[PDB]
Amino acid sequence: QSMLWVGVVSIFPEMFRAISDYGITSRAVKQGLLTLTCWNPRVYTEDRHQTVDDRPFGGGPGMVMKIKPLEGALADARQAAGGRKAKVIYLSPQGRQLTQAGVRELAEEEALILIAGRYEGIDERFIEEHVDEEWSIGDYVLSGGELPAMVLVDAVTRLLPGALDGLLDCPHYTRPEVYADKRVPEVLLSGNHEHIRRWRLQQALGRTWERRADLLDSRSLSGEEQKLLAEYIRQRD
């Protein structure tokens, strides 16, 4: 069957058409590399207008997603995963910050159940009991976990065999050779494979040093890379 099974618990399963119908995620679903399923907590409640949230204990603004509707959707999702070891992830701004290293780790799992919260969040007792890991996509607050869950699925899907450094990328250029007073660097126009590979690596090193030096501190630079970086720095105005 599929290389990676993903079950999403969300009150907006339709939002997930952004990944089921587009790009590498759509391709992986078609190619059978990825199985994507949704589980609306709104169908694991017992009322006419379908409610998932209740007021927070201790007062304050907003509402909190109840334990029962989430436990419903989770149990159903766990059953459909079958004999796969499924890691339960809650998407949250309190979680561990997602990075490419984390993406690689998540890509090694055979099944993921992603919980997309809404409102002020979900009842802490649901988290303590059922959530294996909490993950954040960045230091900003969103209205729900759906876009984060999709960002996670997209990043992980890229790493699946058949779907498709610690440095920023080099600039890219395409047709035409000259466009409104701006011209393409000559090394890409007629240079050799080593001339282009050295220029691209130097531009990548240079751009990382300018904008994301923290990425260089973590990284291990070779003698050749130290020379290309030094050169980029002393040759710019």
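So that the term is clear: the rigid core is the largest set of C-alpha atoms that superpose within 1.5 Å between two forms. Throughout, we count residues from 1 along the sequence that is shown.
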| property | result |
| --- | --- |
| 219 to 227 against 9 to 17 - segment lying farther from this form in 6 other deposited structures of this protein (CA RMS, rigid core fit) | 219 to 227 |
| Greatest C-alpha divergence in 6 other deposited structures of this protein once each structure is fitted on the rigid core, 178 to 186 or 45 to 53 | 45 to 53 |
| Unmodelled deposited residues between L164 and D165, binned | 10 or more |
| Which of 31 to 39 and 184 to 192 has higher mean CA B factor, as the PDB entry lists it | 184 to 192 |
| Mean C-alpha B-factor comparison - 109 to 117 and 142 to 150, higher one | 109 to 117 |
| Largest Cα B-factor, entry values, listed residues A155, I89, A81, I137 | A81 |
| Identity of residue with top Cα B-factor, from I11, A18, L216, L229 | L216 |
| CA B-factor placement of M3, once the chain's modelled residues are sorted into thirds | highest |
| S26 by Cα B-factor - lowest, middle or highest third of the modelled chain | lowest |
